[PDB]
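Quick heads-up: it's one chain on its own, the form deposited in one PDB entry, in structure tokens.
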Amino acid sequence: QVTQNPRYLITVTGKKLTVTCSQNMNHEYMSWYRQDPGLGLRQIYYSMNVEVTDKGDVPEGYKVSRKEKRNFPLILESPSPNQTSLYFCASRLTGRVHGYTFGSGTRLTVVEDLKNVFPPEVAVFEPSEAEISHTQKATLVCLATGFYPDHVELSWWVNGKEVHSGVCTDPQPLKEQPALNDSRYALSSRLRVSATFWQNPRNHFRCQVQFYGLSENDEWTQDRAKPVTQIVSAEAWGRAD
């Protein structure tokens, strides 16, 4: 197991940061990758062993250290917008087959101003009687709007249990103001059940958006609530025909 922290991170341009990576196994070789659309997995830096470090293919703006075998941290001295990426720590397996084991990724967004960061607003729209009549099925629509950056996880909860059946979610958020550099995002999802299930007023439906926001270490000076990591939900109850 490779352990990466943090999982999600927001920083302003120019503020130094460190992403940690440690492995429980005793491996000599560890490396850092960034994954960007159309550019695959690009090697930033690699460490063949304790106190041995070598620049990868795209080292500019990164530093590493390997004081200990267990840890291989990635240091961004002066984060720039272009370092907005998904980061993966890898260690090389020592078996006959030398595959890599990867951490679970760090989604880093580098922003001009923390004031650009907004949690989602979340609305649920109830099933159409027209759909119920035509199909004997009932579709709920969840709309998450106004969030930045695009760090969200949308889930559906029926009677207090997360569901997966009947769930279909937009594969990526859309920009609400795509003519503007700092556009906030919207994301939709559908949950479909039988008309019978929807018609039972004991049934409770909740769409949950997990937003990954500012941390305690981030300074906040805006009037509006600090956009910290939080859940925003919208709910509906079954409606009797």
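The term rigid core refers to the maximal set of C-alpha atoms that superpose within 1.5 Å between the two forms. Numbers follow the displayed sequence, beginning with 1.
Separately, the form deposited in another entry exists; it is not shown, and the next lines address it.
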Position with Cα shift of 2 Å or more, rigid core superposed between this form and the one not shown, options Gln35, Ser65, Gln208, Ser183: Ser183
Rigid core superposed: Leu174 CA moves 2 Å or more between this form and the one not shown: yes
After fitting the core, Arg224 CA displacement of 2 Å or more between this form and the one not shown: yes
Rigid-core frame, C-alpha of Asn82, shift of 2 angstroms or more between this form and the one not shown: no
Closer or farther: C-alpha pair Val50/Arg96 in the other entry, relative to this form, given a change of 3 Å or more: closer
Closer or farther in the other entry: C-alpha pair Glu216, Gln23 (3 angstroms or more): farther
